[PDB]
Structures are given as structure tokens and as C-alpha cells.
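Student: As input, take work-v7.pdb (PDB, C-alpha atoms):
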ATOM      1  CA  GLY A 124     173.071 102.865 125.399  1.00  0.00           C
ATOM      2  CA  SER A 125     173.527 104.164 121.861  1.00  0.00           C
ATOM      3  CA  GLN A 126     171.670 107.477 122.083  1.00  0.00           C
ATOM      4  CA  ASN A 127     174.034 110.264 123.137  1.00  0.00           C
ATOM      5  CA  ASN A 128     175.955 111.805 120.238  1.00  0.00           C
ATOM      6  CA  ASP A 129     174.737 112.123 116.647  1.00  0.00           C
ATOM      7  CA  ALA A 130     177.031 111.369 113.708  1.00  0.00           C
ATOM      8  CA  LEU A 131     175.579 114.294 111.747  1.00  0.00           C
ATOM      9  CA  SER A 132     174.999 118.033 111.970  1.00  0.00           C
ATOM     10  CA  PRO A 133     171.762 120.083 111.709  1.00  0.00           C
ATOM     11  CA  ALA A 134     172.239 120.510 107.959  1.00  0.00           C
ATOM     12  CA  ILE A 135     172.947 116.819 107.434  1.00  0.00           C
ATOM     13  CA  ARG A 136     170.059 115.845 109.682  1.00  0.00           C
ATOM     14  CA  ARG A 137     167.626 117.916 107.635  1.00  0.00           C
ATOM     15  CA  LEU A 138     169.182 116.678 104.407  1.00  0.00           C
ATOM     16  CA  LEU A 139     169.061 113.128 105.730  1.00  0.00           C
ATOM     17  CA  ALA A 140     165.327 113.500 106.328  1.00  0.00           C
ATOM     18  CA  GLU A 141     164.472 115.062 102.962  1.00  0.00           C
ATOM     19  CA  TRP A 142     167.121 113.084 101.118  1.00  0.00           C
ATOM     20  CA  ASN A 143     166.301 109.998 103.212  1.00  0.00           C
ATOM     21  CA  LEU A 144     169.969 109.061 103.553  1.00  0.00           C
ATOM     22  CA  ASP A 145     171.642 106.710 106.030  1.00  0.00           C
ATOM     23  CA  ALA A 146     174.652 108.142 107.862  1.00  0.00           C
ATOM     24  CA  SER A 147     175.669 104.613 108.848  1.00  0.00           C
ATOM     25  CA  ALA A 148     176.038 103.797 105.150  1.00  0.00           C
ATOM     26  CA  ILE A 149     177.972 107.007 104.466  1.00  0.00           C
ATOM     27  CA  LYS A 150     181.655 107.651 105.164  1.00  0.00           C
ATOM     28  CA  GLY A 151     182.663 110.897 106.842  1.00  0.00           C
ATOM     29  CA  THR A 152     185.300 112.702 108.893  1.00  0.00           C
ATOM     30  CA  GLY A 153     184.097 115.399 111.271  1.00  0.00           C
ATOM     31  CA  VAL A 154     185.042 114.387 114.806  1.00  0.00           C
ATOM     32  CA  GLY A 155     185.994 110.726 114.547  1.00  0.00           C
ATOM     33  CA  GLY A 156     182.599 109.552 113.360  1.00  0.00           C
ATOM     34  CA  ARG A 157     180.538 112.153 111.510  1.00  0.00           C
ATOM     35  CA  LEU A 158     179.602 112.922 107.905  1.00  0.00           C
ATOM     36  CA  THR A 159     179.515 116.500 106.584  1.00  0.00           C
ATOM     37  CA  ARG A 160     177.825 118.205 103.624  1.00  0.00           C
ATOM     38  CA  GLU A 161     180.928 117.425 101.586  1.00  0.00           C
ATOM     39  CA  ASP A 162     180.749 113.781 102.633  1.00  0.00           C
ATOM     40  CA  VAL A 163     177.043 113.595 101.794  1.00  0.00           C
ATOM     41  CA  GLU A 164     177.441 115.319  98.430  1.00  0.00           C
ATOM     42  CA  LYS A 165     180.317 112.976  97.631  1.00  0.00           C
ATOM     43  CA  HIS A 166     178.161 110.040  98.710  1.00  0.00           C
ATOM     44  CA  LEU A 167     175.156 111.498  96.894  1.00  0.00           C
ATOM     45  CA  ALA A 168     177.056 110.997  93.638  1.00  0.00           C
ATOM     46  CA  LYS A 169     178.414 107.573  94.592  1.00  0.00           C
ATOM     47  CA  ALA A 170     174.862 106.214  94.637  1.00  0.00           C
TER      48      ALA A 170
END
Since I need it in another form, could you write the structure as C-alpha cells?
Tutor:
Amino acid sequence: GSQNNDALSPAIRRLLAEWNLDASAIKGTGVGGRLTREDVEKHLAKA
């Protein structure tokens, strides 16, 4: 269904857990639909 490919990497997944962030609410550009450390940091400052 929806489970197959994650929109984040290992570093973003860990960060997401500790930082409790939502990838869906964060813009990125890794492989068509993924947010990187630069996208999270940028988003981290946005809100």
C-alpha cells in the first residue's frame, strides 16, 4: 500500500525520532521525495 520506500535517511530517521519531526510537513529534495539533513536544518529554523 504505502509502506515500501521511506522519505528519509538513517540520520533523518533518528533525528526525526529525537527531534519528533514530520517528514510529510517538511520539504526536501533527495530522490524525488526525500528530506535531507540540510532540509531538516532549514526546516528546523523555519519553525
Student: Could you list, as a PyMOL selection string, every residue matched by the PyMOL selection byres ((chain A and resi 154) around 12) in this structure?
Tutor: chain A and resi 128-132+151-153+155-159
Student: Which residues come within 10 Å of residue 167 (chain A), counting all atoms listed in the file, excluding same-chain residues fewer than 3 positions away, as a PyMOL selection string?
Tutor: chain A and resi 142+144+149+160-164+170
Student: Between CA of residue 126 (chain A) and CA of residue 147 (chain A), what is the distance in Å, rounded to a tenth?
Tutor: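 Interatomic distance, CA of residue 126 (chain A) to CA of residue 147 (chain A): 14.1 Å.
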Student: Work out how far apart CA of residue 150 (chain A) and CA of residue 165 (chain A) are and give it in Å to one decimal.
Tutor: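 That distance, rounded to one decimal, is 9.3 Å.
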Student: Mind rebuilding region 153-165 of chain A with N, CA, C and O atoms and writing that out as an mmCIF file, in the frame of the given file?
Tutor:
data_model
loop_
_atom_site.group_PDB
_atom_site.id
_atom_site.type_symbol
_atom_site.label_atom_id
_atom_site.label_comp_id
_atom_site.auth_asym_id
_atom_site.auth_seq_id
_atom_site.Cartn_x
_atom_site.Cartn_y
_atom_site.Cartn_z
ATOM 1 N N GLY A 153 184.322 114.141 110.583
ATOM 2 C CA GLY A 153 184.097 115.399 111.271
ATOM 3 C C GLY A 153 184.767 115.444 112.631
ATOM 4 O O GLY A 153 185.543 116.355 112.918
ATOM 5 N N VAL A 154 184.465 114.458 113.468
ATOM 6 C CA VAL A 154 185.042 114.387 114.806
ATOM 7 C C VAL A 154 185.285 112.938 115.219
ATOM 8 O O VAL A 154 185.073 112.565 116.372
ATOM 9 N N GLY A 155 185.730 112.125 114.265
ATOM 10 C CA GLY A 155 185.994 110.726 114.547
ATOM 11 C C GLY A 155 184.917 109.813 113.995
ATOM 12 O O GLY A 155 185.178 108.652 113.681
ATOM 13 N N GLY A 156 183.701 110.339 113.879
ATOM 14 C CA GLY A 156 182.599 109.552 113.360
ATOM 15 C C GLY A 156 181.410 110.411 112.972
ATOM 16 O O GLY A 156 180.337 110.300 113.565
ATOM 17 N N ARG A 157 181.601 111.269 111.976
ATOM 18 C CA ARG A 157 180.538 112.153 111.510
ATOM 19 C C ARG A 157 180.696 112.458 110.026
ATOM 20 O O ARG A 157 181.814 112.559 109.521
ATOM 21 N N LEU A 158 179.573 112.615 109.328
ATOM 22 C CA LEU A 158 179.602 112.922 107.905
ATOM 23 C C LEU A 158 179.121 114.355 107.677
ATOM 24 O O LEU A 158 178.120 114.781 108.253
ATOM 25 N N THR A 159 179.855 115.103 106.856
ATOM 26 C CA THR A 159 179.515 116.500 106.584
ATOM 27 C C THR A 159 178.874 116.667 105.211
ATOM 28 O O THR A 159 178.746 115.706 104.457
ATOM 29 N N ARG A 160 178.473 117.901 104.898
ATOM 30 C CA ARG A 160 177.825 118.205 103.624
ATOM 31 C C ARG A 160 178.694 117.773 102.451
ATOM 32 O O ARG A 160 178.183 117.375 101.404
ATOM 33 N N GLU A 161 180.004 117.833 102.632
ATOM 34 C CA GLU A 161 180.928 117.425 101.586
ATOM 35 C C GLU A 161 180.940 115.905 101.470
ATOM 36 O O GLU A 161 181.094 115.349 100.380
ATOM 37 N N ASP A 162 180.767 115.235 102.605
ATOM 38 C CA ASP A 162 180.749 113.781 102.633
ATOM 39 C C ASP A 162 179.432 113.256 102.073
ATOM 40 O O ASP A 162 179.397 112.206 101.429
ATOM 41 N N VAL A 163 178.351 113.999 102.302
ATOM 42 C CA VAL A 163 177.043 113.595 101.794
ATOM 43 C C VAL A 163 176.981 113.827 100.292
ATOM 44 O O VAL A 163 176.539 112.962 99.543
ATOM 45 N N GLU A 164 177.441 114.998 99.851
ATOM 46 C CA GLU A 164 177.441 115.319 98.430
ATOM 47 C C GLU A 164 178.282 114.303 97.671
ATOM 48 O O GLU A 164 177.890 113.826 96.606
ATOM 49 N N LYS A 165 179.433 113.958 98.241
ATOM 50 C CA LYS A 165 180.317 112.976 97.631
ATOM 51 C C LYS A 165 179.614 111.626 97.561
ATOM 52 O O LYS A 165 179.702 110.914 96.561
#
